[PDB]
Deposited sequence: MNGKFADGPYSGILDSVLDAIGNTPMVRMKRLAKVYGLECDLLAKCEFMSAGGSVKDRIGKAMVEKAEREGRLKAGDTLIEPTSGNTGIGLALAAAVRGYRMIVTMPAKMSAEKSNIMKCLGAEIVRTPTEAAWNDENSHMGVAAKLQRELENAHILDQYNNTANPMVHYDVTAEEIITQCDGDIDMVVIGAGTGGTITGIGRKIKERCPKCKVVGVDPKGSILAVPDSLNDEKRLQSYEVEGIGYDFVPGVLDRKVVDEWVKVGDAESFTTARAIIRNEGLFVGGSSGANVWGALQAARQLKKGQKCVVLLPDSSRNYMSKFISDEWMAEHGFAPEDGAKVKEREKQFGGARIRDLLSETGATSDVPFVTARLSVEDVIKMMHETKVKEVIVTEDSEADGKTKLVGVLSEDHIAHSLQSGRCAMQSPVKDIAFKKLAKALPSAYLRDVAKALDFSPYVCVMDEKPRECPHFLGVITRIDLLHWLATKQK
């Protein structure tokens, strides 16, 4: 029915949490997993991450103890999502925001915190926690150098795990009806795993809690698991640190699973492809850990995995196939790039132009009157023409006639005004996979040497694939 959103909300802070739980049946059937893999889709909060909760939570504590007055400044070291949550809380309740984040993190987090009126100081990636050039040391320096400033310190504030123990874990319990067999959850500050695992083990002691730690971090138990890539920097954002945060109670977690970059990203793309959950990379790490840890489970049992982050924060980073190819990561089992590699292979546009059958595409200087160009088009019997300057684009008779009827194309007007201006350049040595990726962004694809041989669209490639 409708209980929680059935009224009007006072601010965006009231739209945090209350996240649905979805059964990933298709993904389980893909990976050959017998049990029910439930996903807590924390990326669907108003701010698009689980950390929103603690952001809100901490401010509430700072307000329930009277420690915070209007106009104050908030400083917080973060990998990006807590900065967003605290920035939301500050823009709503009238506080000043300063974020300290490492250079490793994405630019979308930075831009979104900038739209929320927050100052952004970035710190070097390779700095240790002890360095005063660390995000935490720089935040401490800013607290020392700024008046009416406060560091809420999500690494040591009890609100961070207390709210995952109060509401989120209670959410997971009430939607799974108490029956939980495994919980796989990423270990960043460790607040989410601590709080959720504690509440669940209190209400369901037979539940195993699995912590996910990236290869490079030192949070897993024992240290014989962390020595794969000791303190080697990784790309996944959100989990793992070079120290044990104050809120992390590693004794409440039973197992530890090590997950690397390649597995995390390919499984995140698998989640998007097979379930349709616009999810982040750390959630790929958590789901890979869950698929490895819950392999021994049976049907009927429920393994709950946290999906912390939304794709919005890594929209240019790993959603783009260009960047995952530049970082040498296997795209996915079933993906568009591998599909194009399978169908096209090494076929180049030379092969298509040869199999179809003289580069006699008419050309005009792009400032002809439309009357002269239609006379040339009717005398040459071709339908399309290419306009270029001393390249401009393509121009069809259909658009000519319809825009003359529409009141957009004058008789004495230059053909530059009505030609199609979005184009993509190619050359015969190019493969067909690359022209398909180019067709993802541009309607036409034209060749050159300046002697162009023709125009290439998606239906031409479909016809070529039909000949195979």
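Coordinate coverage of the deposited sequence is interrupted at 1-5, 363, 397-404, 464-469, 489-490, where no C-alpha atom was modelled.
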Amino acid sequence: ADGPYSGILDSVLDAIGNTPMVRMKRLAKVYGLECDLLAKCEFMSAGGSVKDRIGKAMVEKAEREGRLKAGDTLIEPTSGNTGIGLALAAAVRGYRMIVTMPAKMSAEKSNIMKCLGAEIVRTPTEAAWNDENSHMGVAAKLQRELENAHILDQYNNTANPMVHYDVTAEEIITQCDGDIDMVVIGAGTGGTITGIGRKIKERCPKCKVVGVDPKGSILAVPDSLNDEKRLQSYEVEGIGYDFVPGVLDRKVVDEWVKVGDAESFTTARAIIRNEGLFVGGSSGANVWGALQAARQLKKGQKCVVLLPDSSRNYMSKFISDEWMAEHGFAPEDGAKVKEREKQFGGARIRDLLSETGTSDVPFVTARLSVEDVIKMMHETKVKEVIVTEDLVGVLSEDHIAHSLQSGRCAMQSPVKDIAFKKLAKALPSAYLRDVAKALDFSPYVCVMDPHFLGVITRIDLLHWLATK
From here on, numbers count along this sequence of modelled residues.
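Averaged over CA atoms, B-factors in the entry run higher in 348-356 than in the other of 348-356 and 161-169.
Higher mean CA temperature factor, per the PDB entry, when comparing 120-128 with 277-285: 120-128.
Within the group 30, 62, 50, 432, the record's highest C-alpha temperature factor is found at 432. Annotation for 22, 9, 16, 445: 445 ranks highest, by Cα B-factor. Among all modelled residues in this chain, the alpha-carbon of residue 82 has a temperature factor (C-alpha) in the lowest third.
Remark: residue 242 belongs to the middle third of its chain, ranked by C-alpha B-factor as recorded. The entry lists a Cα temperature factor for residue 329 that places it in the middle third of the chain's modelled residues. Among all modelled residues in this chain, the alpha-carbon of residue 314 has a temperature factor (C-alpha) in the lowest third. In the deposited entry, the Cα temperature factor of residue 66 sits in the middle third of values across the chain's modelled residues.
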